[PDB]
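What follows is a set of notes on a single structure, which appears directly below.
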Amino acid sequence: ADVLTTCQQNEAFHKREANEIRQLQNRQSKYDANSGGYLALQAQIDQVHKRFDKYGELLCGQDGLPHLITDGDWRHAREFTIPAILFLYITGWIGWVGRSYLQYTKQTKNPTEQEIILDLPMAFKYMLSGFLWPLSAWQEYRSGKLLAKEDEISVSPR
Amino acid sequence: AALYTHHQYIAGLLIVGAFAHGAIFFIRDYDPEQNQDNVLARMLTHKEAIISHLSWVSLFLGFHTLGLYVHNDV
Amino acid sequence: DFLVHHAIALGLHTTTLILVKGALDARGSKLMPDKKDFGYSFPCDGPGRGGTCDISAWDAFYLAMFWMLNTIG
Amino acid sequence: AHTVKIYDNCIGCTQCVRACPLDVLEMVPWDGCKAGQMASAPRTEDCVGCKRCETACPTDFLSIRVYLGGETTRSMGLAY
Amino acid sequence: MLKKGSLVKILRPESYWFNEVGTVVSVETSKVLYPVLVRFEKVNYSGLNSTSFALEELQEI
Amino acid sequence: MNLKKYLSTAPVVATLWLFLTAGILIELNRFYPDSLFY
Amino acid sequence: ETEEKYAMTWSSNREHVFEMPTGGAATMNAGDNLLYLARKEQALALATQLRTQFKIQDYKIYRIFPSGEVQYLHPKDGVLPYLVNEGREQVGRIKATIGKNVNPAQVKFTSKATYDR
Amino acid sequence: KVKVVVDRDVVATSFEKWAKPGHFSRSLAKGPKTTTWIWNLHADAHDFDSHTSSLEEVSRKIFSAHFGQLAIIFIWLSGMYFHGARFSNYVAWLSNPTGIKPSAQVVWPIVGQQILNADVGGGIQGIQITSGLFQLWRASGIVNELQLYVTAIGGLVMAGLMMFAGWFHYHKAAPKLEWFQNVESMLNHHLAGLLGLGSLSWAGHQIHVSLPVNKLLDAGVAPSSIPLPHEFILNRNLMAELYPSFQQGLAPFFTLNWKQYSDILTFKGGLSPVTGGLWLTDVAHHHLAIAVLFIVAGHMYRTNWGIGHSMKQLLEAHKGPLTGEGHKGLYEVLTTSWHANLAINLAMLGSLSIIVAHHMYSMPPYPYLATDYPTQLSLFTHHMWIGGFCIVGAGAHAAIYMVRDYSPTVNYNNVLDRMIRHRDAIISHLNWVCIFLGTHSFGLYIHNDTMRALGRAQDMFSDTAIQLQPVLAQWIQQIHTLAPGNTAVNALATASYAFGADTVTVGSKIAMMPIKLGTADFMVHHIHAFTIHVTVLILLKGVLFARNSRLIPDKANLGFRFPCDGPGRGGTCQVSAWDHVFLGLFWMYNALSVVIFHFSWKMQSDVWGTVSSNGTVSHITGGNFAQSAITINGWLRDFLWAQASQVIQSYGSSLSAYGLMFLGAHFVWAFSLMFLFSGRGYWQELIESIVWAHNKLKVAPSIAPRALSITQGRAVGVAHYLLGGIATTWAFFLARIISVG
Ligand code: CLA
Ligand code: CLA
Ligand code: CLA
Ligand code: CLA
Ligand code: CLA
Ligand SMILES: CC1=C(/C=C/C(C)=C/C=C/C(C)=C\C=C\C=C(C)\C=C\C=C(C)\C=C\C2=C(C)C[C@@H](O)CC2(C)C)C(C)(C)C[C@H](O)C1
Ligand SMILES: CC1=C(/C=C/C(C)=C/C=C/C(C)=C/C=C/C=C(C)/C=C/C=C(C)/C=C/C2=C(C)CCCC2(C)C)C(C)(C)CCC1
Ligand SMILES: CC1=C(C/C=C(\C)CCC[C@H](C)CCC[C@H](C)CCCC(C)C)C(=O)c2ccccc2C1=O
Ligand code: SF4
Ligand code: SF4
């Protein structure tokens with residue numbers, strides 16, 4: 001592969017690192033060593049080095065910018081697959097505990113009042129119970145509690 | 001450039017028209033009794049499933065495409 | 001090319017959504033269960049039932065044209 | 001002219017007749033509902049198609065329905 | 001056999017509450033076309049929560 | 001008790017929860033800046 | 001003249017200040033009143049005002065044709081239309097509900113509408 | 001007759017109603033069944049005359065809400081002073097006003113946003129500010145951060161006092177209706193007490209603090225070396241050194257030997273050659289003269305001592321043979337309707353914001369304002385927008401008056417009634433004037449675009465072809481140039497260098513100079529006449545037809561704000577007075593956009609720029625306005641395309657936030673079109689399918705999702721259109737002028 005190379009071995013990537021430091025140093029040249037302007041610009045220079053070193057392990061285009069592989073290849077798992085799993089775990093949690101609370105409110109006397117004025121104790125109960133939502137969701141699916149029946153859902157005339 | 005653009009705008013007008021005549025067909029020509037439980041009647045039967053999933057994919061693409069461009073711009 | 005292709009996918013799906021919603025709701029919705037009696041193109045069913053501007057299947061054509069132009073853009 | 005129809009689910013509430021700014025509608029005796037009366041549309045030559053009647057109708061779905069038809073000086077609400 | 005409090009499933013397609021369960025409020029004794037007043041929790045698009053049905057349009061659930 | 005009901009109203013809980021959420025994300029980017037991958 | 005006009009007659013005990021449906025304040029006569037209006041809706045809008053604000057019930061609205069014909073319009077039977085009155089024959093009734101209306105396909109290339117049973 | 005009367009402990013201070021959303025409305029108090037309720041809660045929260053029928057209870061809410069507004073203004077001002085004190089280069093800027101860029105916002109280092117901490121100078125990195133606070137604070141004599149800190153603390157104490165007073169005058173001591181209806185008393189106090197004593201007390205600050213501090217600053221004394229303001233008050237010798245009249249003290253005031261104060265109170269006109277600002281001795285004298293005028297003016301109206309005018313008697317006296325009962329009833333109208341008053345007050349306050357915009361650029365009142373082009377452009381543009389919004393608001397409240405508060409009995413054959421009785425004549429003539437102005441103003445641009453495109457420059461409306469000289473404006477410029485020593489005998493210089501005479505420079509940069517009017521200026525003025533006449537058409541039509549038309553004879557019954565009266569009568573969308581305001585906003589946006597574009601380009605082309613040692617003026621866009629601003633293509637190319645260069649090239653620089661906001665604002669503008677071009681019927685049907693999917697997964701909310709109301713769709717549409725459109729220009733302007741200015 002000539003289109004993608006390791007950023008560590010990519011000359012365009014090294015050039016971008018040098019350019020970004022040079023721009024920050026050209027700004028830093030107008031400040032007197034001990035000044036806040038100098039120290040702030042020096043902090044940014046230190047983080048430029050740390051960033052380019054960190055992204056060295058990624059694949060880089062001819063542009064000298066990190067390009068992410070999202071095809072399922074395990075060598076790039078950290079780029080998409082692991083963030084993807086984490087995303088779905090967090091949002092599955094948010095959705096699940098939201099559904100849990102919503103189901104609670106429909107058992108109360110004024111369901112609509114519990115949607116605009118939260119029962120915080122009950123909200124907390126469902127929110128802290130989201131951590132095994134995939135098993136919880138599986139158990140509701142297996143038990144026929146996840147889905148409403150086609151018979152029971154309102155539809156417009158066809 | 002002229003020919004690519006010309007033909008994609010014609011293609012765009014044609015597909016909107018196709019769906020327009022699809023809608024007109026359903027109002028003026030579609031008889032439920034003569035299509036009982038066939039593939040066409042079954043489309044109407046789960047129209048909410050179809051529309052809700054098209055809504056989902058549109059939202060997904062919109063959030064993440066705009067999201068990634070705006071990430072890049074910032 | 002990745003990003004703009006997802007822009008193109010967004011445009012195809014949304015234009016499709018408007019046109020398909022237009023076609024499958026053309027005969028009627030919960031808001032207007034007798035829409036087929038008013039035909040393809042009519043202004044609205046007036047400000048009752050929350051308001052009904054652009055409820056006709058023709059109105060879906062009108063809205064889809066903006067998305068078609070945007071997408072071909 | 002516009003066409004105004006009254007369907008059998010009319011509960012004779014009179015709200016459509018009260019709402020009509022053109023005096024198109026009136027209440028007539030009828031045994032079909034407990035109210036003992038049904039909406040009627042005898043003067044649809046004066047109907048402007050404003051659908052204030054439909055807005056006022058409490059039944060699900062509507063018991064009064066306005067089908068906008070061929071435009072006239074009267075139906076277009078023209079004072080010239 | 002419907003009375004005040006009976007749970008009924010709606011079979012009227014143009015109804016906002018088609019397939020929904022309502023509660024029978026009253027059944028009109030006098031020979032009227034739509035004698036069963038049914039109440040729902042959901043409001044329709046006009047913000048109303050009841051309408052009258054014929055017996056044939058209801059299923060005692 | 002009425003003040004607690006107010007603080008349980010949609011916009012207050014949304015404001016406070018999204019403030020907390022924004023704080024966590026901001027603080028993660030302060031301590032773990034420039035995370036382009038896991 | 002060329003088009004249809006509307007005469008509105010009413011009686012008042014007092015000289016009430018009222019709003020013209022064409023805009024601006026007017027004073028009705030303590031006795032017989034006659035206004036010419038371009039639209040039936042203007043006459044009825046004034047009639048609503050007279051009834052609600054000034055409790056005037058004896059208003060009469062006429063259509064004047066350019067031929068010279070005078071057609072009494074409102075209240076048609078002498079009783080207000082929202083009060084059920086004997087001698088009124090139902091117009092526009094359709095049997096059953098809107099749900100029983102047929103498909104446009106079934107009525108294509110015919111005089112019939114979907115609500116024609 | 002004029003008396004204080006209040007009800008005591010009228011409303012208990014309880015959180016009970018805070019936990020009851022929509023307590024204030026009988027319709028909302030029952031709580032939501034649909035999402036429409038959530039929007040309605042917010043749309044109705046401040047519509048006090050919808051909540052209660054009691055004018056007293058409305059008045060008391062208004063008075064208390066006003067204290068809430070002042071409290072917030074005090075927090076905002078306090079903020080501006082505190083940011084000046086804590087996060088600014090103000091002190092450094094005082095020592096180098098021409099070299100250092102004012103900055104009073106520092107961003108935190110997170111996700112790389114510290115790029116926005118620009119190299120502004122004065123030993124900080126931050127966002128360059130365009131509010132003109134430094135020029136204001138310098139004019140006020142503020143030289144150190146302690147003075148700014150103490151003002152910021154003072155601001156928070158005033159914010160606290162406003163909150164206490166708002167709470168107090170609603171919950172503890174609520175004035176009765178008859179208190180509020182004391183319009184004569186209110187006007188005496190507001191004229192003599194607020195404006196008169198405001199101007200007198202400010203003139204006091206200027207003579208005692210601003211004058212001495214600025215004289216020493218302008219001489220080149222180090223701001224740290226300048227005596228603190230109180231030393232000028234304590235030591236009169238200190239003051240007498242700077243202004244010798246202070247030797248004679250107050251004896252020349254009481255004895256009418258006022259010429260003795262010729263040093264402190266002047267009529268110089270023109271500008272300081274040092275600061276490019278108005279002479280503060282002119283401003284101090286202005287404020288003294290105004291103060292007297294206002295204190296005298298506020299003795300006009302009868303209160304408790306017989307003397308003074310009845311405003312009722314004045315209005316009823318102004319009756320002629322052509323205008324029926326004249327101004328009879330208007331006293332009753334304006335003492336019984338808050339909306340009537342808000343209509344007038346917004347019209348005048350809005351119109352004032354626009355006058356302020358014009359007067360402040362042309363007679364730069366603050367030192368180093370004139371040559372801070374970002375601040376000049378920002379202040380003009382800002383005050384134009386605030387003015388535009390207020391004038392459209394005047395239309396809204398005039399129409400709300402017509403629907404809710406108007407009675408034919410009060411307005412019987414008076415000027416208001418008589419206007420309604422020829423609304424057809426008024427609107428037909430204004431319609432005509434709009435078509436005449438539009439064709440003969442915009443048509444000249446289209447003619448010109450066409451002739452230039454066809455290679456027919458000699459057939460154009462231009463300075464070099466068919467000339468349209470604004471000869472009346474040119475003639476008025478001449479009169480104002482000839483004024484000093486002639487028709488203004490004691491004036492040493494012109495009111496404004498905009499009219500003629502000299503080019504004022506501060507360093508190398510042009511503060512002000514004669515603004516020459518040619519064919520391009522004639523043409524754009526007729527565009528402004530045009531856009532203002534149309535806006536008036538829309539809003540005035542809204543007011544005169546708010547209650548009825550031939551189309552909707554009972555429109556008042558439908559109310560101020562309603563979507564339509566259905567598709568009948570051919571279709572009645574947007575007949576309501578509210579919908580006229582909606583349409584008025586777009587035209588106000590159109591009108592004012594062209595005003596601020598006219599300003600930006602004219603000033604860059606013909607006014608702002610550098611003067612060399614030789615003394616040759618080089619303008620920012622080198623005089624391209626005269627030949628480019630006579631075609632739309634010239635506006636597109638030489639203005640938008642050319643001047644957008646700065647905002648679109650801003651990425652990777654300290655101005656990158658403007659680049660981002662430029663795109664962000666375009667996005668919000670475009671997003672608005674979704675709401676403006678569509679109808680809720682489509683959206684409610686889409687939501688039905690989405691609700692189906694939620695029902696299928698048993699996650700449908702009890703608060704039923706609704707499409708926005710027809711009116712809210714329009715409200716959302718115009719709000720995003722204006723936000724997007726205005727913020728786009730904001731980003732364009734600030735990026736452009738911070739770069740080239
Ligand atoms: C618990 C809340 C919850 C759950 C489980 C779902 C679940 C779903 N939504 Mg829904 N949605 C919600 C809230 C929720 N939604 C809210 C508040 C809105 C108004 C903004 C919507 C608007 C909406 C639209 C327009 C669409 C969906 C769709 C969907 C489906 C596809 C996945 C998706 O697009 O989600 C992502 C959802 C969004 C981006 C919308 C916003 C989600 C909000 C921010 C989450 C709110 C969480 C809540 C406040 C938690 C409180 C709990 C606590 C009190 C304990 C899925 C059934 C799609 C569909 O029909 O697919 C078939 C679809 O087109 N939703
Ligand atoms: C730039 C212009 C613009 C944008 C951004 C949208 C966006 C959308 N349109 Mg609209 N549309 C437009 C113009 C636009 N339209 C025009 C001119 C018309 C002709 C009238 C239409 C007519 C139209 C129809 C008929 C339909 C759409 C639909 C959609 C949705 C498509 C799916 C999607 O992308 O979801 C992702 C959502 C977005 C990209 C919207 C922006 C989300 C932002 C970025 C999140 C902001 C959060 C952030 C924290 C800031 C908060 C601000 C703060 C003040 C609270 C999306 C909401 C369809 C739909 O609803 O599908 C489900 C649909 O049927 N549009
Ligand atoms: C300090 C405690 C306090 C308490 C417990 C009360 C209690 C009450 N007040 Mg009183 N009042 C107070 C202080 C207080 N008030 C103050 C300081 C003022 C002067 C402003 C008033 C002036 C006042 C008026 C004019 C009225 C009341 C009313 C009421 C009653 C209903 C209030 C409600 O629902 O508000 C809940 C509302 C809020 C929490 C929103 C407040 C918004 C603030 C003022 C401005 C927000 C700043 C800014 C715009 C935020 C922008 C943020 C950004 C995201 C956009 C309730 C009995 C009303 C009534 O009907 O009584 C019979 C009524 O009409 N009060
Ligand atoms: C000298 C008398 C006086 C003064 C200075 C004012 C000033 C004001 N009134 Mg008016 N008012 C007065 C008499 C006065 N009133 C009388 C007699 C009546 C009954 C006839 C009214 C009835 C009235 C109503 C119904 C309303 C006002 C409002 C206002 C405010 C208008 C907004 C504004 O311009 O903010 C300018 C702001 C400032 C100058 C800062 C705050 C000033 C505070 C309040 C103190 C000023 C006076 C104090 C003696 C200063 C001491 C100086 C110090 C060096 C010792 C303004 C603060 C409106 C308002 O907003 O109320 C809250 C309003 O709705 N007034
Ligand atoms: C470029 C966009 C555009 C244009 C050209 C128009 C044009 C007009 N608007 Mg509209 N308007 C617009 C956008 C626009 N609007 C938008 C976006 C909105 C929504 C907010 C509105 C909402 C609106 C309202 C609410 C009103 C207007 C009014 C007007 C008219 C003002 C009077 C006038 O100048 O007529 C003259 C025509 C022009 C200036 C256009 C071009 C003139 C050319 C250059 C000269 C003549 C050419 C010649 C005859 C052509 C012959 C060629 C042919 C033989 C082939 C004018 C017809 C008002 C009105 O009707 O006033 C009486 C009015 O009240 N508009
Ligand atoms: C649980 C629960 C929820 C219930 C949601 C339930 C019903 C979801 C229903 C799903 C439907 C029926 C079919 C789903 C179809 C799944 C698709 C067909 C995904 C195919 C995978 C692709 C093809 C990835 C390929 C690839 C991978 C493998 C590797 C990559 O690197 C490359 C790509 C190319 C991306 C809520 C909503 C209430 C919220 C709550 O919070 C939790
Ligand atoms: C890749 C490839 C391949 C394959 C491919 C394929 C297989 C394709 C497909 C394709 C397709 C498969 C396409 C599609 C399309 C479609 C469309 C475009 C649609 C449309 C539609 C419409 C528009 C409709 C309408 C309507 C309605 C709505 C209703 C009624 C009726 C109607 C129907 C009219 C091959 C091997 C060859 C070669 C190599 C490569
Ligand atoms: C897009 C569009 C809609 C659809 C838009 C709607 C229904 C508004 C969308 C609601 C937003 C997304 C807010 C809802 C968010 C919830 C409050 C949940 C918040 C969750 C956390 C952020 C706290 C209309 O209803 C409409 C009506 C009339 C004319 C034009 C249009 C129109 O253009
Ligand atoms: S409003 Fe509806 S139910 Fe009532 S009388 Fe009229 S048609 Fe019948
Ligand atoms: S505003 Fe909407 S509902 Fe009203 S007439 Fe127009 S399109 Fe119909």
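Per chain, numbering begins at 1; letters A, B, ... match sequence-line order. As a basis for the values below, the full set of heavy atoms in this structure was taken, side chains included, without hydrogen atoms, waters or symmetry mates. Both ligands and their constituent atoms are indexed starting at 1 by order of listing.
The protein non-hydrogen atom at the shortest distance from atom 29 (C) of ligand 4 is H:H190 NE2, 3.8 Å. Ranking the protein heavy atoms by distance from atom 30 (C) of ligand 4 puts H:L70 CD1, 4.7 Å first. Nearest protein neighbour of atom 4 (Fe) of ligand 9, counting heavy atoms only, is D:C13 SG, 2.1 Å. The single protein non-hydrogen atom nearest to atom 8 (Fe) of ligand 9 is D:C10 SG, 2.2 Å, given as residue, atom name and distance. Atom 56 (C) of ligand 4 has its closest protein heavy atom at H:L194 CD2, 4.1 Å. Taking atom 41 (C) of ligand 4 as the reference point, the nearest protein heavy-atom neighbour is H:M158 CE, 4.0 Å.
Protein non-hydrogen atoms do reach within 4.0 Å of atom 8 (C) of ligand 4. Checking atom 54 (C) of ligand 4 against the protein gives no heavy-atom contact under 4.0 Å. For atom 20 (C) of ligand 4, the nearest protein heavy atom lies under 4.0 Å away. In this structure, atom 50 (C) of ligand 4 has its sub-4.0 angstrom surroundings free of protein heavy atoms. Remark: atom 32 (C) of ligand 4 lies closer than 4.0 Å to no protein heavy atom. There is a protein heavy atom less than 4.0 angstrom from atom 63 (C) of ligand 4. Per-atom contact check: atom 2 (C) of ligand 4 touches the protein, criterion being a heavy-atom distance below 4.0 Å.
Proximity of H:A707 to ligand 8, defined as any heavy-atom pair under 4.0 Å, is shared by backbone and side chain alike. The backbone of D:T14, and not its side chain, has at least one atom closer than 4.0 Å to an atom of ligand 9 (non-hydrogen atoms only; backbone = N, CA, C, O). At a 4.0 Å heavy-atom cut-off, ligand 9 touches D:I11 through backbone and side chain alike. In H:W338, neither the side chain nor the backbone holds a heavy atom less than 4.0 Å from any atom of ligand 4.
Checking only distances, F:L18 never comes within under 3.5 Å of ligand 8, N or O to N or O. Taking only nitrogen or oxygen atoms, main chain and side chain alike, H:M674 reaches within less than 3.5 Å of ligand 8. Between H:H66 and ligand 4, a contact under 3.5 Å exists for at least one N or O pair.
The aromatic rings of H:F180 and H:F63 lie perpendicular to each other, with more than 60° between the two planes, well past the 30° mark.
Near H:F67, the atoms of ligand 4 lying under 4.0 angstrom from a non-hydrogen atom of the residue are 62 (C). Interface of H:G713 with ligand 8, defined as ligand atoms under 4.0 Å from a residue heavy atom, comprises 28 (C), 29 (C). Near H:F180, meaning under 4.0 Å from any of its heavy atoms, are these atoms of ligand 4: 25 (C). Residue contact check: H:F74 has heavy atoms under 4.0 Å from atoms 40 (C) of ligand 4. Listed by atom number, the atoms of ligand 8 under 4.0 Å from F:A14 heavy atoms are 23 (C). For ligand 8, the atoms sitting less than 4.0 Å from at least one non-hydrogen atom of H:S678 are 30 (C), 31 (C), 32 (C), 33 (O), numbered in the order shown with element in parentheses.
Not one N, O or S atom of D:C16 sits under 2.8 Å from atom 8 (Fe) of ligand 9. In summary, an N, O or S atom of D:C57 is located under 2.8 Å from atom 2 (Fe) of ligand 9.
A salt bridge links H:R60 to H:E56: one of the charged nitrogens lies within less than 4.0 Å of a carboxylate oxygen.
Side-chain contact of H:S201 with H:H205: a donor-acceptor pair under 3.5 Å is absent, judged by distance alone.
Remark: C:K21 qualifies as a cation-pi partner of H:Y682 under the 6.0 Å distance and 45° angle criteria applied to the six-membered ring.
When all heavy atoms are compared, the tightest approach of H:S678 to C:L63 is CB-CD2, 3.6 Å.
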